[PDB]
Amino acid sequence: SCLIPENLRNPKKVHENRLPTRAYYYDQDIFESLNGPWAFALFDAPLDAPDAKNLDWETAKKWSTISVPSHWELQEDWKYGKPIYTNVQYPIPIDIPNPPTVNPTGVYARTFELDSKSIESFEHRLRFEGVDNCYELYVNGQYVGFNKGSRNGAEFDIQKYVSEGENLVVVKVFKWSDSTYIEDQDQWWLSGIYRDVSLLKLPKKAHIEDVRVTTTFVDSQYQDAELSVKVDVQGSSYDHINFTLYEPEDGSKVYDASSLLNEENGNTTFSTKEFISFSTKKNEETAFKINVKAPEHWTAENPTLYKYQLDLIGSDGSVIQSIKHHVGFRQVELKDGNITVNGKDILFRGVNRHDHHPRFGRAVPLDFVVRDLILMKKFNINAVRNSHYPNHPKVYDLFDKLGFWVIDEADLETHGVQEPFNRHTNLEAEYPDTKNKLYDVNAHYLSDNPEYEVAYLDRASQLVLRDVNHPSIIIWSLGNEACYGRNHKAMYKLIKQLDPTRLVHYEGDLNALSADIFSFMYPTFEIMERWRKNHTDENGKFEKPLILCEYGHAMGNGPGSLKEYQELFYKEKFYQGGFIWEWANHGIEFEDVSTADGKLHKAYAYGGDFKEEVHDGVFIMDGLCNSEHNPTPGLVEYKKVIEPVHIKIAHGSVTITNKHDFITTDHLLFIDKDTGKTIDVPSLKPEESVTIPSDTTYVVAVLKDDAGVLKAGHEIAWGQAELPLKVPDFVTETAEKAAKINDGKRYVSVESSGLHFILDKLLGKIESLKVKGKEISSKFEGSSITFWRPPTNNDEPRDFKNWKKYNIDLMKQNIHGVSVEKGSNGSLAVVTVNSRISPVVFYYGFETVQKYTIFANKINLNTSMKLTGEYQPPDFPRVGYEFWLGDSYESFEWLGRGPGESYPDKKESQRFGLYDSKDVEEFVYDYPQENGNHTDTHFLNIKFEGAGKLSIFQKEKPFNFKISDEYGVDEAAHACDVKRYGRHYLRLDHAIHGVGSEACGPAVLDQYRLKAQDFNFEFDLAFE
Amino acid sequence: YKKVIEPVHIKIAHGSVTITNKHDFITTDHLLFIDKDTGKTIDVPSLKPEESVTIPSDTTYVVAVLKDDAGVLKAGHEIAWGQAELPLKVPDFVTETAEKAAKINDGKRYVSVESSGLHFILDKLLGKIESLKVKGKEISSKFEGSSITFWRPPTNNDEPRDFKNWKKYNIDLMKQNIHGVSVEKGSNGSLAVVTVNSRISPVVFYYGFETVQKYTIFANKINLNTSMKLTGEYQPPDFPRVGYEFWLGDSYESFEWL
Ligand SMILES: [Mn+3]
């Protein structure tokens, strides 16, 4: 293929002239930023781009500019195209290893100044932190080299090419290559120089090239440790190295964005609290091993660090170069079948975090990454998986300092090889225990393809060698969803040679033939349990443990049943936790035309909005946080189920159990919320518990002092005693009032002092109910009892298909008889309505009796619903009344769960209490769907201006409710597409279907499903 | 439907017309049989239901027509017809094989072939004909992804299954990816030969065609040889269609076909 350049279709051309990967250290004196405006032009394909060996700055000066770093699909007015979203499918034809012939090619150009002294004093390099997909590099019209690996770095020696005065850098960037085949992550396709570019000036005669730091405990009791520091010095003109380790700074250290990101400085004295000092001797190995007496451990719960300074020293005893970094005393092992850190079998409370920003894409400001991690810490997360590639190199000090268990992952995904296979065989489902046989079929294309070995090894080598020295990283991962083949085995051998100190993960390798860990994604409990049992021998020993590298798919309303996963995690030593997918929605900000308004509004794009030929729609929106990286109810729920302290209140006792891996409860203040006075809780070690006699209902565990990025008073855990359903002390007026009953041909009236009740007998509709200045009426379309909800993302693949199939949205009430009698026991009147509630097309439905017992200040509504007929649905979304609220309506207040929404399998984070609608910002989903329900509601007060409250309570069971404004939710593509009525309604529900995680994972669990059955429930409408 | 149920069969082969009465009751008497090649009528014996006759004839095309107004039908109304099968004859077009001086310009992206009354431009990156103007008549490829396309707007019948397959296999998103273009001077009366090697395959998929398009350019004619080799795993069962799409020049007014 001579119409496609050789290097874009050669899997072995991983780079040309790239320097060997070394440990990353930012140094202000060495690093000089080349970020900013660059000359830029885009071409249809390589053959339209100029020859860079002949490109003048005088010519490039005339082009438009683009700012580095940024993606070229994310510019003002979509100047250079729009983002493309695909999940599994490749957006190109599969013709390995050829990219498409029409291959967007972007040429970047800028200049920089070089001194006379500069070229003499320094070795000059260019370092590119990330360029997608690949590029060739030119300096002063001379070819320097080539590079592949979008999320990896690259350094090139530039010394031969530089001149005094102006220097011209030209980068030719290509969108597609043979590399595209191994970069098929479920994310946006975005191109360009999206990470920092730097000019490096290293001391010329000698400099530090690489450093290796390891900490190995000498002993099984993890006290004394050996600190090993090996240095690679390049050049002859040096004497020796010095090394100073400083006194530790406890992991409880207070940070903020400013101090975490501070990059200074040359004259800045790193530290002076010396602990250990070592010097090398002239002509001796520039490495050493030191015994360290009982050092403070580095742990994710307590990220204690020892700062160090490494000095390269010349003959005259002057400092040639310094490295200022840190040591975290930590050892990871596979021990008795568990992932072990300092001897302890840890629990992952994790997420997958992609690089994403709603405006900049994968070009994420560090400021924003810090924001992410502070939020994670604020919500009890202790681990992150770098799905599915290494991040910006500066991010790893953030993990080190804040404390996260980190899975650093190779930039390698091959998923798309399956798509044609899936479609050709009409595959419906993949299961963690069996799906590997399906991937085995196509592994020969890439992961079992010898032509790709060099590329695969490069992804491994680049991954490990850049980030080796970060204590936060405990696991290397070979990539994601790339099938299984010989190349993976090769990667495993190499990584163990390069870095024996860590463990290797790869989920595509079911049996872990070349991994140290087992890993499932989105497994069913039964599937987890099968695996556990088949890998635990008769003695109870297992060789390797199980983690869930992805689980509890956080797409939209959900995920349900995080609780049940957690119970499983705590019960078996074999399970060591999981990482939920995903941290945040990948929404891109854009201008949307409103379906509600006809006008232009800000929205967040998912597949289809940028009009891709092929895309995967709303699967972009699968985070615990929204596109703006703010918490959803998903994150709120996750924080609760993973809380590292259990507080159980029953039988006049509070039981507190420490569920941390390492730290004590000493940092926590326990408050009795009923009294406000604190509770003396003994210092609890991991897994230790205590029972304290108490009359309390509600206990909170809170931070005593600012520590890390958390503030004093920040809630870590809490518990409540279960709250019995109490009938409010409402006094029903049973005194005898004269009442006019008018039973007309169609309408029935009941009028009394302060009361007006009108029912349409033909429809079963309440035309108007006005009691003491407060009015409601039925929100009626076909039926007075309704069943539909705007489908969640989880509802879509199955439950919605069923509910639509059975016409649940078209349920009709057909009145058979209406009975009107005078009041009995204090009653004004009794109106009884007999009907069948059934959808068009169908036999199935409910023989329904609605008995309205009318009192002067209260209306008792008894509902009896008998499920009858053949060919029934399995379940319903919902069941209850819809009422229009009067013009007077202003706000509401409830006793039950809050402050936020709650659903059967997503409710426990929402503690019991008295809540006011005025105190709550109701959550707006990036993709409109079922929202705003409140489950386990004891009572609900609806406030009407100038007329007090209407109290609503269900007899003998808590109920569900939603008060809103909104409709057209099913078909609104974005928040701004949601329509709004001129009045509010109450959705008053006996029961509601759970939420689950079926968009990717298990269906709503049995105990949370709203199964088809008879319904019988009684409500009181009490008017103040 | 009118044709398949015609109540008289007319079969023309081997210098013979065979006429079979396929009515249930009536005779062929009411019918006039015309030899369409000559315009003169054919004497056909009165045929009863299921009776037939073979008549020697050089005819290619025989029509059965109503003699007189009868019922709600008019004299001359066509009831049945037959044709002899028509062999494919190459038109007697004379290709100009005389030696004309021709300028061939093989640029970085575009290839030009210019001669007296001829202009051929191909985009080598796309495999697209930018313009073909010969003797005042211009065409160019109607191009979106590929110079050879496969899609059709689904019929009602296509919808329940065939369309589901064709959409599933992204046949509507078939792409042409050019691998090599070869430009050589004309040989046997030829002005130039431009050969295009490509893979025609849809996004997402392995399957596709290893394609060779050979354009042999003469002064008054362009021979287009297409070779399409089906390659790769996970293929569709069938396609809606296969062929070229060309924009017609502003001059275009009408068409005629045999
Ligand atoms: Mn919209």
# chains A, B, ... in the order shown; residues from 1 in each chain; ligands from 1
call {"tool": "closest_atom_pairs", "arguments": {"of": "chain A", "to": "ligand 1", "cutoff": "9 Å", "atoms": "only C-alpha atoms and all ligand atoms", "output": "tab-separated table"}}
result
residue	atom	partner	partner_atom_place_in_ligand_line	distance
A:591	CA	ligand 1	1 (Mn)	8.9
A:592	CA	ligand 1	1 (Mn)	5.4
A:593	CA	ligand 1	1 (Mn)	6.0
A:594	CA	ligand 1	1 (Mn)	5.4
A:595	CA	ligand 1	1 (Mn)	6.4
A:596	CA	ligand 1	1 (Mn)	8.8
A:601	CA	ligand 1	1 (Mn)	8.4
A:603	CA	ligand 1	1 (Mn)	7.0
A:604	CA	ligand 1	1 (Mn)	8.7
A:605	CA	ligand 1	1 (Mn)	8.7
A:609	CA	ligand 1	1 (Mn)	8.5
A:972	CA	ligand 1	1 (Mn)	6.3
A:973	CA	ligand 1	1 (Mn)	4.4
A:974	CA	ligand 1	1 (Mn)	4.2
A:975	CA	ligand 1	1 (Mn)	7.1
A:976	CA	ligand 1	1 (Mn)	6.2
A:977	CA	ligand 1	1 (Mn)	5.1
A:978	CA	ligand 1	1 (Mn)	8.6
call {"tool": "interface_residues", "arguments": {"of": "chain A", "to": "chain B", "cutoff": "6 Å", "atoms": "only C-alpha atoms", "output": "VMD selection string"}}
result
chain A and resid 1 to 3 89 to 94 100 to 101 420 424
call {"tool": "atom_distance", "arguments": {"atom1": "atom CA of residue A:116", "atom2": "atom CA of residue A:54"}}
result
25.5 Å
call {"tool": "residues_around", "arguments": {"residues": "residue A:29", "least_positions_apart": "4", "cutoff": "8 Å", "atoms": "only C-alpha atoms", "output": "ChimeraX atom specification"}}
result
/A:201,265-266
call {"tool": "write_last_selection", "arguments": {"atoms": "N, CA, C and O atoms", "output": "tab-separated table (two decimals), in the first residue's frame"}}
result
chain	number	residue	atom	x	y	z
A	201	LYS	N	16.51	20.72	29.61
A	201	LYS	CA	17.91	21.10	29.64
A	201	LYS	C	18.62	20.39	30.78
A	201	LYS	O	18.53	20.82	31.94
A	265	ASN	N	11.05	24.51	43.89
A	265	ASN	CA	11.80	25.57	43.17
A	265	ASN	C	13.31	25.35	43.35
A	265	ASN	O	13.74	24.49	44.13
A	266	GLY	N	14.12	26.14	42.63
A	266	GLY	CA	15.57	26.02	42.66
A	266	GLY	C	16.22	26.34	44.00
A	266	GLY	O	16.92	25.50	44.56
call {"tool": "select_by_dssp", "arguments": {"residues": "stretch 16-200 of chain B", "states": "alpha helix (DSSP H)", "output": "list in words"}}
result
residues 162, 163, 164, 165, 166, 167 and 168 of chain B
call {"tool": "write_last_selection", "arguments": {"atoms": "N, CA and C atoms", "output": "short mmCIF file (atom, residue, chain, number, x, y, z; two decimals), in the first residue's frame"}}
result
data_model
loop_
_atom_site.label_atom_id
_atom_site.label_comp_id
_atom_site.auth_asym_id
_atom_site.auth_seq_id
_atom_site.Cartn_x
_atom_site.Cartn_y
_atom_site.Cartn_z
N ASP B 162 -34.27 -8.74 5.72
CA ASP B 162 -33.13 -8.37 4.88
C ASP B 162 -32.49 -7.04 5.28
N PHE B 163 -33.34 -6.03 5.50
CA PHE B 163 -32.89 -4.73 6.00
C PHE B 163 -32.20 -4.85 7.35
N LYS B 164 -32.72 -5.70 8.24
CA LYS B 164 -32.15 -5.87 9.58
C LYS B 164 -30.73 -6.41 9.44
N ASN B 165 -30.56 -7.35 8.53
CA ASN B 165 -29.24 -7.89 8.21
C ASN B 165 -28.32 -6.85 7.59
N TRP B 166 -28.82 -6.15 6.58
CA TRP B 166 -28.00 -5.18 5.87
C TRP B 166 -27.53 -4.03 6.77
N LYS B 167 -28.40 -3.61 7.68
CA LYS B 167 -28.05 -2.59 8.65
C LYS B 167 -27.06 -3.15 9.66
N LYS B 168 -27.31 -4.38 10.12
CA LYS B 168 -26.47 -5.04 11.12
C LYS B 168 -25.02 -5.15 10.65
#
call {"tool": "select_by_dssp", "arguments": {"residues": "stretch 30-117 of chain B", "states": "strand (DSSP E)", "output": "JSON, numbers by chain"}}
result
{"B": [31, 32, 33, 34, 35, 52, 53, 54, 55, 56, 61, 62, 63, 64, 65, 66, 78, 79, 80, 81, 82, 83, 103, 104, 105, 106, 110, 111, 112, 113, 114, 115]}
call {"tool": "residues_around", "arguments": {"residues": "residue A:871", "least_positions_apart": "5", "cutoff": "9 Å", "atoms": "only C-alpha atoms", "output": "PyMOL selection string"}}
result
chain A and resi 806+842-844
call {"tool": "write_last_selection", "arguments": {"atoms": "N, CA, C and O atoms", "output": "short mmCIF file (atom, residue, chain, number, x, y, z; two decimals), in the first residue's frame"}}
result
data_model
loop_
_atom_site.label_atom_id
_atom_site.label_comp_id
_atom_site.auth_asym_id
_atom_site.auth_seq_id
_atom_site.Cartn_x
_atom_site.Cartn_y
_atom_site.Cartn_z
N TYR A 806 -46.28 -5.00 27.10
CA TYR A 806 -47.55 -5.25 27.79
C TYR A 806 -48.39 -3.98 27.93
O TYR A 806 -49.33 -3.97 28.72
N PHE A 842 -55.14 -5.86 25.64
CA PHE A 842 -54.89 -6.97 26.59
C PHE A 842 -56.07 -7.46 27.45
O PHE A 842 -57.04 -6.72 27.69
N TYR A 843 -55.95 -8.72 27.91
CA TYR A 843 -56.90 -9.33 28.84
C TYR A 843 -56.61 -8.95 30.29
O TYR A 843 -57.53 -8.66 31.06
N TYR A 844 -55.32 -8.98 30.66
CA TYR A 844 -54.92 -8.80 32.06
C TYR A 844 -55.30 -7.42 32.56
O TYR A 844 -55.35 -6.46 31.78
#
call {"tool": "residues_around", "arguments": {"residues": "residue A:542", "least_positions_apart": "5", "cutoff": "6 Å", "atoms": "only C-alpha atoms", "output": "list in words"}}
result
residues 337, 535 and 536 of chain A
call {"tool": "write_last_selection", "arguments": {"atoms": "N, CA and C atoms", "output": "PDB file, in the first residue's frame"}}
result
ATOM      1  N   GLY A 337      -2.637 -16.506  49.158  1.00  0.00           N
ATOM      2  CA  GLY A 337      -3.719 -16.272  48.211  1.00  0.00           C
ATOM      3  C   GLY A 337      -4.329 -14.882  48.191  1.00  0.00           C
ATOM      4  N   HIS A 535     -11.989 -22.519  43.358  1.00  0.00           N
ATOM      5  CA  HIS A 535     -10.586 -22.114  43.520  1.00  0.00           C
ATOM      6  C   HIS A 535     -10.092 -22.161  44.964  1.00  0.00           C
ATOM      7  N   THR A 536     -10.996 -22.528  45.869  1.00  0.00           N
ATOM      8  CA  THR A 536     -10.663 -22.829  47.249  1.00  0.00           C
ATOM      9  C   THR A 536     -10.587 -24.350  47.367  1.00  0.00           C
TER      10      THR A 536
END
call {"tool": "residues_around", "arguments": {"residues": "residue A:905", "least_positions_apart": "4", "cutoff": "12 Å", "atoms": "only C-alpha atoms", "output": "ChimeraX atom specification"}}
result
/A:557-565,634,637,641,901,909-910,935-936,992-997,1003-1010
call {"tool": "write_last_selection", "arguments": {"atoms": "C-alpha atoms", "output": "CSV table (one decimal), in the first residue's frame"}}
result
chain,number,residue,atom,x,y,z
A,557,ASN,CA,-30.4,6.2,38.1
A,558,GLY,CA,-28.5,3.5,40.0
A,559,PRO,CA,-26.6,1.4,40.6
A,560,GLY,CA,-28.9,-0.8,42.7
A,561,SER,CA,-27.7,-3.5,45.1
A,562,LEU,CA,-24.2,-2.1,46.0
A,563,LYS,CA,-25.3,-3.3,49.5
A,564,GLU,CA,-25.4,-6.9,48.4
A,565,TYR,CA,-22.0,-6.8,46.7
A,634,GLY,CA,-24.9,7.0,42.9
A,637,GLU,CA,-25.0,5.7,48.0
A,641,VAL,CA,-22.2,1.1,51.6
A,901,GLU,CA,-34.1,10.5,46.3
A,909,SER,CA,-27.5,6.4,52.3
A,910,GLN,CA,-30.7,8.4,52.8
A,935,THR,CA,-39.1,5.6,49.5
A,936,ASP,CA,-40.1,4.5,53.0
A,992,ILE,CA,-42.1,1.1,43.0
A,993,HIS,CA,-39.8,-1.2,41.0
A,994,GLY,CA,-36.1,-1.3,42.1
A,995,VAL,CA,-33.3,0.2,40.0
A,996,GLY,CA,-30.6,-2.5,39.6
A,997,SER,CA,-27.7,-2.2,37.2
A,1003,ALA,CA,-31.1,-7.3,36.7
A,1004,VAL,CA,-32.9,-5.7,39.7
A,1005,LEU,CA,-32.7,-8.4,42.4
A,1006,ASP,CA,-35.8,-10.5,43.2
A,1007,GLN,CA,-36.6,-8.9,46.6
A,1008,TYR,CA,-36.6,-5.4,44.9
A,1009,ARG,CA,-38.7,-6.2,41.9
A,1010,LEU,CA,-42.3,-5.0,41.8
